[PDB]
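Residue numbers 9 to 72, 104 to 150, 152 to 166, in PDB author numbering, belong to the letters of the sequence shown in order.
Note that beta-carbon positions come from the ideal geometry of N, C-alpha and C, so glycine has one too.
Structure, as structure tokens:
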Amino acid sequence: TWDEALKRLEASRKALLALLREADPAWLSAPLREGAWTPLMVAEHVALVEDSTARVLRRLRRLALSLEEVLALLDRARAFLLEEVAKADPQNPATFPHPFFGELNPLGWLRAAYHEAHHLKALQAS
């Protein structure tokens, strides 16, 4: 449900921020494997997708490098996302295409929760 996805996003964010803040600096900037991106790139990716999600939610409503840098990007996008979540109608039938999930309404877009869980899991596995 809408409230469940949101409570999940709140939990996975605490887990992510703690992982980043407690990580060895050398690991943060190291490739996860050969040719792979780093944990800090993963975190920036999470932030950009939440920013993008927040803009999708805003459209659906209208139709109705460094740790410091990465942490700041996370906070900003998450504040923006939460603002749009507060303004959303979970039951809004209007849809916007998600590159992987296809046509999703605002609830589908918030269920963001899977995205952060997935990337957090990948980082913990590393």
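| Item | Value |
| --- | --- |
| Rounded Cβ spacing between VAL54 and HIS137 (contact assumed at less than 8 Å) | In fact, because the Cβ distance is near 16 Å, the residues do not count as touching under 8 Å. |
| C-beta neighbour in chain C for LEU25, strict 8 Å | Among the chains in the structure shown there is no chain C, since it carries only a single protein chain. |
| Cα-Cα separation between residue 97 and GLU42, rounded to whole angstroms | The chain lacks the residues between 72 and 104, and residue 97 is one of those with no coordinates. |
| Beta-bridge pairing of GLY141 - partner residues as DSSP gives them | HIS137 |
| Selected residue, minimal CA-CA separation from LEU120, among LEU146, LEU65, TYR154 and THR134 | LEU65 |
| Integer-rounded CB distance, given that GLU156 should sit under 8 Å from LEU17 | 6 Å |
| Which of helix, strand or coil DSSP assigns to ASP11 | helix |
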